[PDB]
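Summary of structural features
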Amino acid sequence: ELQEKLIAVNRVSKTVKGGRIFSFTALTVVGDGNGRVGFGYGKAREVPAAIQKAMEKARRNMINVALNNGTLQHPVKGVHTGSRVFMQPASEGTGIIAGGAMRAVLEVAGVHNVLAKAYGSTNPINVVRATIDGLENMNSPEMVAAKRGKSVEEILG
Amino acid sequence: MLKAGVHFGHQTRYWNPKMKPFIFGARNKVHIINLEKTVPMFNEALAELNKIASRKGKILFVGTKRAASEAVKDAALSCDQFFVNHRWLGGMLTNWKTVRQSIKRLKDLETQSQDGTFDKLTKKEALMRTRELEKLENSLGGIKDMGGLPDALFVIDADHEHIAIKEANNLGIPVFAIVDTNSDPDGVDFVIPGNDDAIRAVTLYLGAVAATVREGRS
Amino acid sequence: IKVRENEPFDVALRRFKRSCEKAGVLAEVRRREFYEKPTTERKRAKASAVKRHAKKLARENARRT
Amino acid sequence: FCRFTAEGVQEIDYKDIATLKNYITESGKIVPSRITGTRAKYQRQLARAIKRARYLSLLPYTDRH
Amino acid sequence: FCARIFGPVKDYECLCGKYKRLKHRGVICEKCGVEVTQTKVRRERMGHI
Amino acid sequence: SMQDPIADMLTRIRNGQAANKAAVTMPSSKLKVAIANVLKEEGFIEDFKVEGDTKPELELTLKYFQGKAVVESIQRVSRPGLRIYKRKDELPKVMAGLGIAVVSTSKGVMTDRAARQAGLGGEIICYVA
Amino acid sequence: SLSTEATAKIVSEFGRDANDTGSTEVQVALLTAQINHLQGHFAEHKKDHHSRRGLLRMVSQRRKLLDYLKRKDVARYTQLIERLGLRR
RNA sequence: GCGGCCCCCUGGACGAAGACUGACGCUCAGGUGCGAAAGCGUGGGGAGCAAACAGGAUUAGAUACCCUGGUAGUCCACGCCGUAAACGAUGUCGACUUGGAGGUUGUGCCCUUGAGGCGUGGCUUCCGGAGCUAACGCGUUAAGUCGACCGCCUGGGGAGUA
RNA sequence: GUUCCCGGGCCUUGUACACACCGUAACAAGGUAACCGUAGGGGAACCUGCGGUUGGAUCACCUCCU
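About the cut-offs
Chain by chain, residues are numbered from 1 following the written sequence, and this numbering need not agree with the entry; no residue without coordinates is displayed. Chains and ligands are labelled by the order in which they are written, letters from A for the one and numbers from 1 for the other. Remember that the shown chains come from a larger assembly, so read each value as a statement about the shown part. Heavy atoms throughout the structure, all of them, feed into the side-chain values; hydrogens and water do not. Here, two residues are considered to be in contact whenever any of their heavy atoms come within 4.5 Å of each other. Using a 1.4 Å probe, buried area is obtained as the accessible area two parts lose upon being combined, added over both of them. Any carboxyl oxygen of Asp or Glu within 4 Å of a side-chain nitrogen of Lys or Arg constitutes a salt bridge here. Secondary structure is summarised from DSSP: a helix means a run of H or I of at least four residues, a strand means a run of E of at least two, and numbering begins at the N terminus for each. We call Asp, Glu, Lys and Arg charged. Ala, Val, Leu, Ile, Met, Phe, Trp, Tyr, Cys and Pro are nonpolar, and the rest, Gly among them, are polar. UniProt positions are given in the numbering used here, feature names are shortened, and annotations may be inferred rather than shown by experiment. Given a helix with a known number of residues, its expected span is that number minus one, times 1.5 Å. Exposure is judged per residue with a 1.4 Å probe applied to protein chains only, and the accessible area is read against the type maximum: over 50% gives exposed, under 20% gives buried, and values in between give partly exposed. Fitted lines through C-alpha atoms serve as axes, helices being fitted only where they are in contact, and the angles separating the N-to-C directions of these axes extend from 0 to 180 degrees. The scheme is simple: roughly parallel for angles under 35 degrees, roughly antiparallel for over 145, roughly perpendicular for 65 to 115, oblique for anything else. Crossing handedness follows the turn of the near helix against the far one: under a right angle anticlockwise gives a left-handed crossing, and clockwise gives a right-handed one. We call a residue near a molecule or strand as soon as one heavy atom of that residue lies within 4 Å of the molecule or strand. The term polar contact refers here to a pair of N or O atoms within 3.5 Å; inside protein, the definition further demands a hydrogen-donor-capable atom paired with an acceptor-capable atom, and it admits residues adjacent in sequence only when both atoms are side-chain atoms. A pair of strands is treated as paired once DSSP finds two or more bridges between them.

**Some words on the interface of chain A and chain F**
A common way to state how big an interface is: give the accessible area lost once the parts meet. Across the contact, 16 residues belong to chain A and 17 residues belong to chain F. Regarding the contact of chain A and chain F, the summed buried area is about 1500 Å², with carbon and sulfur atoms giving 52% of it. Of all residues in chain A, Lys147(A), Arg148(A) and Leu156(A) bury the most surface against chain F, accounting for 43% of the area lost on that side. Our count for the contact surface shared by chain A and chain F stands at 3 salt bridges. Taken together, the elements giving at least two residues each to the side of chain A that touches chain F come down to helix 5 (141-147) and helix 6 (152-155) of chain A. By residue number, the principal contributor to the side of chain A that touches chain F is helix 5 of chain A, which donates 5 residues. A breakdown of the residues in the side of chain A that touches chain F according to their chemical character gives 7 nonpolar, 6 polar and 3 charged.

Here you go:
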């Protein structure tokens, strides 16, 4: 499976030259449970058509992100147009102390022992794409071992 | 030799060399020489074009602007490849799934113009099967029936179609592109600098490319 | 300013009056000074005249019709 | 383009005024930068010379008085 | 003295006035086919009527 | 005016990366050269030169990887205004170890763990990640 | 402005060279002597709202000039004022 | 803030090639100076225009659009008030960051033989890249990247007033 | 034949409007462009003069030279 999840939902509008008509939006994220997650912004005149559109983009933006079994690697922020979500890896942090429109993503990615708080902006679209920005912004200890040191117990030990 | 004695030869002042790094460039008042990475990076083309051919690959020769628009028809129809010399459709890798809505349409249109009611009706409607058919054949008839997605996306210039390059990096597949000292190499995996699109160059360039794909299919 | 053209003419031809100033001196001494105002419409005018030059630079590259 | 500010290097004098007459008109007006291709250096030099000649009645100010 | 039929008066030139630089080789004036080539090759341009 | 050399040096490395350059040059302080030698042992910078009589032109050949900066999140910590000093145990490891703090110690310039290794503490100049 | 045939005199005296007008014992003198040649300007007409800044500029560059000479060598400092007379 | 010319005094900015002290550099509450226009006291003054005011009307009315007159004022000099959209709204000094078209002021080098070519500094405009931002867009003169210093904001109105 | 006229439609321009066009002072060019500062006056908005700015609109037609 890949666990579908609805984060954002709203009530926007179009307004024609006759009366007022409404459009509905959704922002979902999927995740197998290893770090491979994908975000997708869908929008239609009705919610179900939008979430399935959010499914189209979800399974398309699947990004691979390694982890340390439940817990992360190193502390890193997440800049995305005013969004500054900071995340603490926390080895054996006992659960994930994240928040609304931010928690359900790190859960479907198999990252269960982390801490986090969205600073700066407040739109789910931004805070979520900030945590997604925080995934790509991570360097694996093996990656840093490949970038420098050329030995894991050299960059750490 | 020296690739027509001008593979690096001459380049437009409005080349505006952000592109400058990898071309080195000897300048002739508007410039001219894209030199270096142009030269040796042609052999690296031979490299990947053999490997993705071992994994059975199709090439999408996209060479527009009449400066390659027929060598593309040649270097594509001289082996097996599909191509686009005509108007490159913005959405031939992203909207491609929905372009195939129309390919499945062409898949049946071709059948009904050859076995269906191509001329079993009003001559006006029979003409409608005629006209419609050829409109889908000159613009989409290049790729016609792809089926298996194109593994190598060839671009004639980053100068003109960086969006074809953009869409290519939605799959992360090898992007092969001949470009100029006025381009934006942002995403292409195996860039092949050199002069602009030019039927003289494109005949040497493109011909030698499709032929080296024929190595890996063996 | 002063046109004559000897005597075979049967026409005015004040074309040099216009090639001189004509409304030139008038534009400043017909309605009040306002000091800074003309300067303002000079900036707007140039923005649209230089953009006309950018227009001549935009048409040279394609205009495939 | 002009051959007066090419073969005429270093400050154009005004004793003999025939050369300033290439840069003024028969009305008493001073030619603008955009006609004859002449960078401001040469252009403003002529300017100093002209003001002086008109004070001394060598060159006239307006057409008629 | 046609440009569509014949063409290049200047080295690698599109007579309509679009392609001047000598970077242009073979690309025509889509409106009236002027293959940007050698005016020397214009001593070899044969036509028909 | 060009008050802290070390600081404007870190800036030429930041934009050095944001310029796709392979070797920057700078008037030299032996503290700068020392840090290069320490980041040579670590694998961040590679091969440093001191060529120059009265004009010591310190050359440093930076390093990429996949087409990605090895030094991407760098910054001066001990600023002339507020110069932070640390002990041996309060001493923070950058990225929990996935980065090093280049500190000015009682034995010249070394990293955060090399100071723990030294058994003393000191001036944390700048974090390298 | 400080005329050239007053300047060359001053520089050859205080300095060893004729080009030695970069030493503080000379820098300050040509600055003071420049104001001594500028007195003829601020004595008459009075309303020089532009030359006002020029004065504040060269004199301030002199207040800090005399500042470092003061901190480095009080012997040549008291000698600068004893050969020209720019203390009071 | 300022467009005619010149005389007297004189300031700021910049450049080719060298000689030097050797960081003598930057900002800064209280403070001081400059400070458009306008008002007032005083001595001259009044062509044009113009607050208050008289008159004819569009109008339901005119102490408003317009016009005929007209005082303060507009101008010069000595002071006080020390005020602003004193706003490319971009505080100041220094360092760093692919180019084109220009405008404007000097110099070095080459056949300045001719209305040029290749560099080095200041000011400024338009299109853009790296970057930032809510967007517009600024973009080597930055709203980009730092160090330093001062002031300012914690919803608006009340009120930038008693 | 589309310039006149009645209705419809496409593109563009402008709005502090979308609750959606005692005196009209601002927002369309509000049919007298807006705003800040200074002085004075008037039932009241503000007006007049002066300096500055863009947090402003159109640069569409009618007649003359290759």
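**Points about the side chain of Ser183(B)**
Turning to its location among the elements, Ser183(B) is positioned in the loop between strand 4 (175-178) and strand 5 (190-192). When near neighbours in sequence (up to four residues on either side) are disregarded, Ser183(B) contacts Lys18(B), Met19(B), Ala158(B) and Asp159(B).

**What about the UniProt feature "domain: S5 DRBM" in chain A?**
What UniProt calls "domain: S5 DRBM" maps, in this numbering, to residues 2-65 of chain A. When the span residues 2-65 of chain A is considered, its composition is 17% helix and 41% strand, and the gap between its end C-alpha atoms is 15 Å.

**Concerning helix 4 (residues 124-136) of chain A**
In a regular helix each residue adds 1.5 Å, so 13 residues correspond to 18 Å; helix 4 of chain A covers 18 Å between its end C-alpha atoms and thus fits that length. Within helix 4 of chain A, 10 of the 13 residues are buried, leaving the element largely enclosed by the surrounding structure.

**Observations regarding the side chain of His7(B)**
By the element assignment, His7(B) lies in the loop between helix 1 (2-5) and helix 2 (43-54). Residues in contact with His7(B), not counting those within four places in the same chain, are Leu2(B), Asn34(B), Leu35(B), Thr38(B), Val39(B), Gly194(B), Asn195(B) and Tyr205(B).

**Some points on the packing of helix 2 of chain B against helix 7 (residues 199-216) of chain B**
All names here are of chain B. Where helix 2 meets helix 7, the closest approach of the two axes is 7 Å, and the angle between their N-to-C directions is 45°. The orientation of helix 2 relative to helix 7 falls into the category oblique. In the packing of helix 2 onto helix 7, the handedness of the crossing is right-handed. Two secondary-structure elements touch here, helix 2 through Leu46, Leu49, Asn50, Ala53 and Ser54 and helix 7 through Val209, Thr212, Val213, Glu215 and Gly216. Within the contact of helix 2 with helix 7, the residues separate by chemical class into 5 nonpolar, 4 polar and 1 charged.

**Points about the protein's contact with RNA strand I**
Neighbouring RNA strand I are the residues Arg20(A), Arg15(C), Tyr35(C), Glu36(C), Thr40(C), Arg44(C), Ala45(C) and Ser48(C). Among the atoms of RNA strand I close to the protein, meaning within 4 Å, 63% are from sugar or phosphate groups. Take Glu36(C): an N or O atom from its side chain is 2.8 Å from a phosphate oxygen of RNA strand I. Between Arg44(C) and RNA strand I, the recorded distance is 3.0 Å, taken from a side-chain N or O atom to a phosphate oxygen.

**Points about the protein's contact with RNA strand H**
Residues in close proximity to RNA strand H total 49 residues, the closest being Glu7(D), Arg39(D), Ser1(G), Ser51(G) and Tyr68(G). Note that a phosphate oxygen of RNA strand H is positioned 3.1 Å from one of the backbone N or O atoms of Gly81(F). Here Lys64(G) contributes a backbone N or O atom positioned 3.0 Å from a sugar or linking oxygen of RNA strand H. When contributions to the surface near RNA strand H are tallied by element, the ones reaching two or more residues are helix 1 (40-55) of chain D together with helix 2 (24-35), helix 3 (39-42), helix 4 (51-63) and helix 5 (65-72) of chain G. Looking at the surface near RNA strand H residue by residue, the class counts come to 13 nonpolar, 21 polar and 15 charged.

**A few points about the sheet that holds strand 4 (residues 75-76) of chain F**
All names here are of chain F. The antiparallel open sheet is built from 4 strands, whose spatial order is 4-7-5-6. Of all strands in the sheet, those with a lone pairing partner are strand 4 and strand 6 (108-111), marking the two edges. Helix 2 (residues 30-42) contacts strand 5 (100-105) and strand 6 of the sheet and is inclined by roughly 30° relative to strand 6.

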